[PDB]
């Protein structure tokens, strides 16, 4: 086989190959005899006519599949001896075929890119020293009770968090504006649903009195004819409620999955859950930092085929949530994932060069542990493990998950890892 290579653009390449007329004729002959064996007719052959002539007389129905099998077999040899490593699926491109003659074709593709891991020691990773304190647990419970609370009522103390019903009108300086039309409106203060300052003035009035308050619009208010300007409000206070942290009985505390309605048990529920949250936040804070460092210091050429497939993967994961619409995901506009797609492909090629350099292997003891954490959430962990173990498909993936954590640590190692104390809330900032 005669094989020439060509560099096209960036990672692009074009391998050209030429199969010999006779290599084709031989493959025809073979495919003919196989089809015959598979159909159980090989035995009726008598040799009256040699195999190189039946091929020349009955090879027709076999040609195309043959030529296609040859283009593939030959292309994989070629990139195995030239050591070429295509990224994504190649693209065959045949020239024309002249019956009985040689055949040349091309295969276009992009190769993985060479990676020179830089700045590893320049990357800085801040490791938070946190803990869930009694102060926290207390807060959370307070939140729970507030979540499912009851709107009681009082009279004469519009506190900072009460709910109130009102009628209002706004006067810029002696004029009512486009809005300010309030007919028995309900406002649960403390949530900043109103202009800042607005509800801070109503924090005194009695459950029934009327009064006027001064307020200013933020400078970037959408109403260009109100932003910045000062106004006054005619507030009609006719109701004043007070969220009353309800139930704390078994019917409540065990509603949170705490079998024995013991308050000492709701705390350990909340406690244990918060600590589980924290554990995850930390792993994210550390991991995201390391990875940002890695990506920022190593800009590399990303092959297109790879990016495409990650978009598809991202679109299918999007459909699956979008009520699931198999192959309606191929429909979601490309540029909606393009960016983060190219980002996964990059983090992968980089954490990959990290794996190569350090010749890392999926640590099976870790893989087992991952499988346990995972199984830990079901009624019977043992059966999930017995199931997972026998299925080499879910296993290799769980190896890749372990391998990836390992590739991270091998960056966290060679890196300026500072370290500081901080709150639970600081780490509860898993916004992105």
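Numbering follows the first chain given and starts at 1.
If you average the C-alpha B-factors over 313 to 321 and over 342 to 350, the higher value belongs to 313 to 321. For the two regions 190 to 198 and 332 to 340, the entry's Cα B-factors average higher over 190 to 198. As recorded in the entry, 181 carries the highest CA temperature factor of 296, 181, 271, 285. Looking at 289, 106, 212, 74, the one whose CA carries the top B-factor in the deposited record is 212. In the deposited entry, the Cα temperature factor of residue 91 places it in the lowest third of its chain's modelled residues.
Per-chain ranking of the deposited C-alpha B factor places residue 126 in the lowest third. Sort the chain's modelled residues by C-alpha temperature factor and residue 279 lands in the lowest third, per the entry.
When the modelled residues of the chain are ordered by their C-alpha B factor, residue 168 lands in the highest third.
Sort the chain's modelled residues by C-alpha temperature factor and residue 118 lands in the lowest third, per the entry.
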